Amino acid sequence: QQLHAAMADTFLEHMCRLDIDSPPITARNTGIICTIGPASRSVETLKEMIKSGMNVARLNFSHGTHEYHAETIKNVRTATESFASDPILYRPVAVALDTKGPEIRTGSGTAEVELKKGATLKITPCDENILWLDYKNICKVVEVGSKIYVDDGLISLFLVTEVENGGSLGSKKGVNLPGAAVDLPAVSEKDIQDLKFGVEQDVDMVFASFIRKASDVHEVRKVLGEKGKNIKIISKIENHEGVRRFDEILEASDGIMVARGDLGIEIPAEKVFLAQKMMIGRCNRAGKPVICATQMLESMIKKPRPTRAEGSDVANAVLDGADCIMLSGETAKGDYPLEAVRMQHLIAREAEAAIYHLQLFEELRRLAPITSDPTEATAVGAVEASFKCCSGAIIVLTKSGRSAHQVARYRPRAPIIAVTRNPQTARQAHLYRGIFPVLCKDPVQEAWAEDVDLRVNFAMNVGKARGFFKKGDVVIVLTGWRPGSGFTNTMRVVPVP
């Protein structure tokens, strides 16, 4: 687990001591989010994806119908619960709804035309010289000389435009208006229906597209209402305004997605890494989950092995400190969905061992405010203990997940076994790095003491069965003093029985 490197006095010496022959621990801390689609929506494929390490099933509402998504969610649940007969080896799987959001698109039976460089193409609110799109106000917000991007930014341009970068035009392609004054509501009537559908389907989180300000986050939250109040809102930062207004967005949100696809069109591609590292750093500092997304293993759509760049990108997103990494096309429509999941799992474990925890822990603690929240004090202390004894795990009894989130913030090397009886908490926990959620099914014991002890033993059995630790190893256990929530204040250092 790169322990030789972990004991270096400088980051440079740490890098010099990284050893390919030093195997990582069994635990994988970084959550894996997989977009489900044609390639991956069958129950059998989903079982293999869960086996390969999928933690969250992402549903992309830019496409498909409520029917198609309902069936997909049913299949995800069927695949998940197929492992429910053994609670020790069960793995919670979360469901994420990704909103369409303010998408501009062009005008299943699809043909494509060839747009040529130098040619003039007119835009109107399906072929060379006339192109229709759904944004009725385009003519107001753009000027001649502004760029218009079409089909993941591959094509670049009444509206009279010249084709700067041509290609196949297709149908119903997404458009980017680089920081034009686009007035499309952050929550459209379509989004409202999709969010309500999400609340009915009992989704764990919403990935809200094209969030530009705090008000947008409040709109999403308001639409979810009382019934959806526990659904996590992850704001996708995918334009210049969202990056400029990141602080107010981060305050209003439950977490963040660095949505690098749109972002790399909306801002110069060479600057995306700056925005990524900035958002991850700020989320780490805030203790709120951050997802690195889009084109992480893109070539695996068509190839059984990633490029060297892709391998580097996944590793660096984990070293930057992403809580989750995400597959899009790779798992939704790729020829190698299982290989993609396995590849993310392998790279994440390696990168996790290669984290300079000495510096990370210090900096995290120095930038955290002093507080008289007893749970926060307990969390940081537990992480310290975890390091001091090189503990096999941190076991956390949590009902809402908050206690486990507080531990996760301080980035322990050891996995955080979060024991809960709340299924939603067990699913949502995957948003946080190092949180290994376990769903206790055992009936409530008679003495609260005994109910606590039993939940701990559950965790001990899971850690043993998963090869996180052995009998005689030391683990950290976090409990409360009083039944109920927000009373986590007890840390114990105990041998595994």
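We number the residues from 1 along the sequence you see.
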{"property": "Gap size, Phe158 back to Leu157 (deposited sequence, no coordinates)", "result": "4 to 9"}
{"property": "Gap size, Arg282 back to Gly281 (deposited sequence, no coordinates)", "result": "none"}
{"property": "Mean C-alpha temperature factor, higher of 136-144 and 236-244", "result": "136-144"}
{"property": "Residue stretch of maximal mean CA temperature factor, 312-320 vs 67-75", "result": "67-75"}
{"property": "Per the PDB entry, maximal CA B factor within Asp98, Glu339, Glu128, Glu362", "result": "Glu128"}
{"property": "Top Cα B factor in the deposited entry, candidates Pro306, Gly392, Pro102, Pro374", "result": "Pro102"}
{"property": "Third of chain Cα B-factors occupied by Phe436", "result": "lowest"}
{"property": "Ranked against its chain, the third holding the CA B-factor of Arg427", "result": "middle"}
{"property": "Relative C-alpha B-factor of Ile33, binned into the chain's lowest, middle or highest third", "result": "lowest"}
{"property": "Within-chain third of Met54 by Cα B-factor, per the entry", "result": "lowest"}
{"property": "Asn176 CA temperature factor, ranked by third within the chain", "result": "middle"}
